[PDB]
Engineer: 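The structure under discussion is supplied below as structure tokens; questions concerning it will follow.
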Amino acid sequence: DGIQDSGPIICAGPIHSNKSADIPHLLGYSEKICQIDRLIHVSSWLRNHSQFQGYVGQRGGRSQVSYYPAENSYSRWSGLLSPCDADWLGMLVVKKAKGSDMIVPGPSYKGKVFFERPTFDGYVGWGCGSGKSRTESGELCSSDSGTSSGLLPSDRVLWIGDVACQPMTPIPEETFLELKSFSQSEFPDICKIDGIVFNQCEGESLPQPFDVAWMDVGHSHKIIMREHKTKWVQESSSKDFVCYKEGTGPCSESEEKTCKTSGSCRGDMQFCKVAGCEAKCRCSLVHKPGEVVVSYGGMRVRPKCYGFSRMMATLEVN
Amino acid sequence: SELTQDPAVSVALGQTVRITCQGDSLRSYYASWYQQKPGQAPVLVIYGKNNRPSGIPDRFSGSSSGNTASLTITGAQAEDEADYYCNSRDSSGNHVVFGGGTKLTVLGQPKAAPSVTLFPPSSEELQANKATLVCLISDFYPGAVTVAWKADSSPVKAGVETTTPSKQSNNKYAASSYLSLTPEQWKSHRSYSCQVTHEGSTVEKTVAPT
Amino acid sequence: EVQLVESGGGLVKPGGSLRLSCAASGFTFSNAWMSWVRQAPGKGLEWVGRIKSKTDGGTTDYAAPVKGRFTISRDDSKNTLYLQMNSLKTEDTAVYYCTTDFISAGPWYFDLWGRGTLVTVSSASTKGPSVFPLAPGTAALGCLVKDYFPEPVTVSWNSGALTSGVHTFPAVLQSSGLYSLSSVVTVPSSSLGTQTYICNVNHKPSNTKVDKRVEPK
Ligand SMILES: *[C@@H]1O[C@H](CO)[C@@H](O[C@@H]2O[C@H](CO)[C@@H](O[C@H]3O[C@H](CO)[C@@H](O)[C@H](O)[C@@H]3O)[C@H](O)[C@H]2NC(C)=O)[C@H](O)[C@H]1NC(C)=O
Ligand SMILES: *[C@@H]1O[C@H](CO)[C@@H](O[C@@H]2O[C@H](CO)[C@@H](O)[C@H](O)[C@H]2NC(C)=O)[C@H](O)[C@H]1NC(C)=O
């Protein structure tokens, strides 16, 4: 659980053979986590939204994805979910970029086939079609011979920001409004973030890069924070365990449901304590510091996503 | 801004070594790592977050932490003996910066005695009033030899030039020594020999005007 | 089949000029950022500069030690990268490599390298070598390539048919300042006179080419 992990949650990186292979829909939790390990979710996203053929993450899988900045805390725990991961699990949507979605400076974009960043009001992904990759500015997809196989290394995927996503405790609208107000009081000179009204202004400068801590608590936009405290609570509920049928791969949905509800399977010490125990299927803890709980503005919430990442902001003009 | 590496590091055959690169760019951007063997072009082995080019075994691996990037080699082999360079972009993104390099020594390699070959003054070269003795030394380890030359059995100390041992494709060493003589002293003696000592043991070969 | 080949290396006088080129093949040269990387004898790798693809502005960047004297350019129609070197100093003596990011896309992930071309900045003159035959279960024969400058000398056997048993040794730097190397091919003592072996010596700095034949004497 708490120990930092250098590797997949459950599944070793994919060795695909057929760029035209189907991406099956899998119902089981561990089946989905295996796909997350293999970057099959980012491959699916690229096929749906960019008319890309094949896969990203060939041989490398999720733990060889690129981050901006390279110094990244939450990737040291394989079990902490990124926005693309949370999207695959149905907790949020990484949307297709529109031209008005601002591409932040700083990442090294040249050659990427996919990148995403949190935005003030969501999560946006940028893709490229077959045989293409991003220019240095990230603005266009140009022709690239190195992508011909359609079985691309994980370095072709870029995730922007230090981000952890998790099941949240939903809050009332009135709690969100109070959090938003405290946020406005901490950044009173900020007008728009990623094109979204943050404070009312008359004049404002052009958008400039903006590095900020933030949390996603549902509702219409993120809460950006300067003074705030975070704490990690270790939890041991069923999302905290994955199940492997060793030899075959991840356990099936029905096998996993049985282990987690009926105490008739194998697992690590914590899984036997909470779920019960007796080849077979075995379930063990994923690696993370826990669930993040945020104190801000006199309140305390369990958000959907928390992190530090780069957005675009406009400042008020006198 | 600059990437700092240690100039040298050793590892025992089969053991794990970790080569570290340090620089302010590495907080934002990844390093890449290059293996260069003498007489060869650099080969890329790690880039980004622990990505391997095709044909690079996963015994090479990459990590970063803070303002440092590290290359780790498990199960060190003799074929891993090389110079290892890190690189990255500078702050502006307008340049590429290489680290100074780290020379990796792999200890515990098997000792091998030198196969020696001796050629006489070529007959075409004797038409040109010159004579050179060509003593080749190959397939030895470690790469340190002493060479001595003999006019019959007398120490020949003038006109001899030996190379510094160089590493072959088979991770053993090669060297040459050349004794140059006027065709008088080639024929003024019935016996010439190039005598090669490697780790206290001397291999010898001889040629004659016959 | 994807490859980069540098050429133009040689001997140049201090203060002189020299153009290197790099010929690319097997890929769309126009899509590639192209970099030059040099290595002076016994020292570390040093980035010289790059030219971006037109897609990314086709702009150039140079390391500080070569700014102003070195100019990089590209001709996409002939698949070629150029390095124009002016006001050459002796510490510009290096092997020069062109390189690009082909599969590992990214501005500093150099996975594709040429073999490099040696540039020697020196006041000395080119000298072409004397080539001499070396005559013999097994058999040892070769050529000895004597008194040349600068490096390198490329040696082949039977126009490149005799490819195994070949051991071209590294050259000796004589106190004269000239180089000498021997190349030896192991053959059986056994087709001694039935088969001809000719060693092809090539010294591009001195435009010398010498094919010399082996026999037992
Ligand atoms: C890319 O497009 C895919 C469809 O073209 C989409 O796959 C679809 O995903 C949904 C949501 O996970 C699945 O929905 C339902 O699947 C079963 C029925 O078989 C239900 O039991 C579930 O509750 C769920 O509602 C679809 O089955 C699935 N379709 C196919 C053909 O696999 C991908 O999710 C898209 N990619 C991204 C990143 O969104
Ligand atoms: C790659 O995989 C796809 C699907 O898994 C293969 O396409 C199938 O081909 C078979 C017969 O060749 C058909 O019966 C299916 O209807 C096809 N499915 C789809 C979705 O097209 C394809 O042949 C594979 N290519 C290989 C193995 O080279």
Side-chain angles (χ1 to χ4, degrees), chain B residues 5 7 29-32 34 36 38-48 51-54 83 85 87-90 92-101 117-125 128 130 132 134-139 161-166 168 174-178 180, chain C residues 4 35 37 39 42-50 59-64 95 97 99 101-116 130-136 140-144 146-147 167-176 180-184 186 212 217:
Chain B
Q5 302 184 237
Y29 305 110
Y30 292 108
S32 56
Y34 303 81
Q36 180 180 44
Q40 291 186 22
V43 170
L44 176 74
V45 293
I46 290 291
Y47 64 105
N51 284 256
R52 281 75 156 188
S54 155
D83 293 328
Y85 298 90
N87 85 344
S88 196
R89 50 164 280 172
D90 74 317
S92 77
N94 294 304
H95 309 112
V96 172
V97 167
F98 280 92
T117 292
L118 190 36
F119 280 99
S122 157
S123 105
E124 286 195 341
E125 183 182 33
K130 279 132 205 272
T132 292
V134 184
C135 176
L136 325 167
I137 309 154
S138 51
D139 273 88
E161 272 146 335
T162 315
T163 74
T164 299
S166 300
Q168 322 181 201
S176 331
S177 197
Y178 298 75
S180 273
Chain C
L4 305 165
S35 287
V37 171
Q39 179 170 52
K43 308 216 125 203
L45 292 179
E46 175 181 31
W47 183 78
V48 164
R50 62 155 168 240
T59 69
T60 55
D61 290 288
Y62 302 85
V95 179
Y97 303 99
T99 181
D101 57 315
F102 181 62
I103 299 294
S104 50
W108 60 97
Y109 300 159
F110 304 134
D111 64 342
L112 185 62
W113 294 73
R115 228 153 209 281
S130 317
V131 183
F132 294 140
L134 306 174
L141 60 89
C143 289
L144 84 83
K146 186 104 178 118
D147 285 334
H167 192 188
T168 304
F169 283 58
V172 65
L173 180 49
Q174 318 159 168
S175 53
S176 91
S180 270
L181 66 70
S182 325
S183 173
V184 182
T186 60
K212 280 273 159 304
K217 139 161 168 215

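Every chain is numbered from 1 and lettered A, B, ... according to where its sequence line falls, protein lines coming before strand lines. In what follows, every heavy atom counts, from backbone to side chain, and hydrogens, waters and symmetry copies are set aside.
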Engineer: Let me know if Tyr109(C) has heavy atoms under 4.5 Å from chain B in its side chain, its backbone, both or neither.
Structural biologist: both

Engineer: Is a donor on one side and an acceptor on the other found under 3.5 Å between the side chain of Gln174(C) and the backbone of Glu161(B)?
Structural biologist: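 Side chain of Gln174(C) to backbone of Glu161(B), a donor-acceptor pair under 3.5 Å: no, none is there.
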
Engineer: Is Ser175(C) close to chain B through its backbone or its side chain, or both, or neither, when contacts mean heavy atoms under 4.5 Å?
Structural biologist: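 Both parts, backbone and side chain.
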
Engineer: Measuring heavy-atom distances to chain C, does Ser123(B) have an atom under 4.5 Å in its side chain, in its backbone, in both, or in neither?
Structural biologist: both

Engineer: Quick one: are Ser180(B) and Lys146(C) in side-chain contact, heavy atoms under 4.5 Å?
Structural biologist: yes

Engineer: Most heavy-atom pairs under 4.5 angstrom with chain B, which of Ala140(C), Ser104(C), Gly116(C)?
Structural biologist: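 Ranked by heavy-atom pairs under 4.5 Å with chain B, first place is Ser104(C).
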
Engineer: If I take atom OG from residue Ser182(C) and atom CZ from residue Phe119(B), how far apart are they, to the nearest 0.5 angstrom?
Structural biologist: 8.0 Å

Engineer: Might you point out which heavy atoms bring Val96(B) and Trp108(C) nearest each other, and give the distance in Å?
Structural biologist: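 Result for this residue pair: CG2-CB, 3.7 Å.
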
Engineer: Hey, which of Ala175(B), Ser177(B), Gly39(B) has the most heavy atom pairs under 4.5 Å with chain C?
Structural biologist: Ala175(B)

Engineer: Provide the closest heavy-atom pair for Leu144(C) versus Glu125(B) in the form atom of the first, atom of the second, distance.
Structural biologist: CD2-OE1, 4.2 Å

Engineer: Return the minimal non-hydrogen interatomic distance between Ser138(B) and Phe169(C), and the atom names on each side.
Structural biologist: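 The pair with the smallest heavy-atom distance is CB-CZ, 3.9 Å.
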
Engineer: Please report the shortest heavy-atom distance between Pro170(C) and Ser176(B), naming the atom on each side.
Structural biologist: O-OG, 3.9 Å

Engineer: Which value, rounded to the nearest 0.5 Å, describes the distance between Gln36(B) atom CD and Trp113(C) atom CH2?
Structural biologist: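 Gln36(B) CD to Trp113(C) CH2: 7.5 Å, rounded to 0.5 Å.
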
Engineer: Taking every non-hydrogen pair under 4.5 Å, which of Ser88(B), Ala174(B), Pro53(B) racks up the most with chain C?
Structural biologist: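 Highest number of pairs under 4.5 Å: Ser88(B).
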
Engineer: Looking at every non-hydrogen atom in both residues, tell me the closest pair between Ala171(C) and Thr163(B) and how far apart they are.
Structural biologist: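 Distance-wise, the nearest heavy atoms are O-CG2, 3.8 Å.
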
Engineer: Tell me, for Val95(C) versus chain B, whether the close heavy atoms (under 4.5 Å) come from the side chain, the backbone, both or neither.
Structural biologist: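 Neither part, no heavy atoms under 4.5 Å.
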
Engineer: Out of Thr59(C), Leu112(C), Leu134(C), which one racks up the most heavy-atom pairs below 4.5 Å with chain B?
Structural biologist: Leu134(C)

Engineer: Go through the atoms of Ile137(B) and report whether side chain, backbone, both or neither lie under 4.5 Å from a heavy atom of chain C.
Structural biologist: backbone

Engineer: Apply side-chain contact (heavy atoms from CB on, under 4.5 Å) to residues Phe98(B) and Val37(C) and explain how you reach the verdict.
Structural biologist: CA-CA 10 Å; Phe98(B) 280 92; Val37(C) 171; 4.0 Å; yes

Engineer: So what's closer than 4.5 Å to chain C heavy atoms on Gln168(B): side chain, backbone, both or neither?
Structural biologist: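 Contact with chain C is through the side chain of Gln168(B) alone.
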
Engineer: Give, for atom CG of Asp101(C) and atom CG of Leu44(B), the distance between the pair rounded to the nearest 0.5 Å.
Structural biologist: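 Between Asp101(C) CG and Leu44(B) CG, I get 10.0 Å after rounding to 0.5 Å.
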
Engineer: As an exercise: rank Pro42(B), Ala31(B), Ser166(B) by heavy-atom pairs under 4.5 Å with chain C and give me the winner.
Structural biologist: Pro42(B)

Engineer: Let's test your reading of the structure: which of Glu46(C), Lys43(C), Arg50(C) forms the most heavy-atom pairs below 4.5 Å with chain B?
Structural biologist: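 If we count pairs closer than 4.5 Å to chain B, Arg50(C) comes out on top.
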
Engineer: Does the plane of the ring in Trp47(C) sit parallel, tilted or perpendicular to the ring in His95(B)? Use 30° and 60° as the thresholds.
Structural biologist: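 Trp47(C) vs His95(B) ring planes: perpendicular.
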
Engineer: With heavy-atom distances below 4.5 Å as the criterion, would you say the side chains of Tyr85(B) and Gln39(C) are in contact?
Structural biologist: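 Result yes, sub-4.5 Å side-chain heavy-atom pair found.
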
Engineer: Which pair of heavy atoms, one from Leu136(B) and one from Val184(C), lies closest together, and at what distance?
Structural biologist: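 It is CD1-CG2, 3.4 Å.
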
Engineer: Hey, what's the ring geometry for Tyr34(B) with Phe110(C), parallel, tilted or perpendicular (30° and 60° as the breaks)?
Structural biologist: tilted

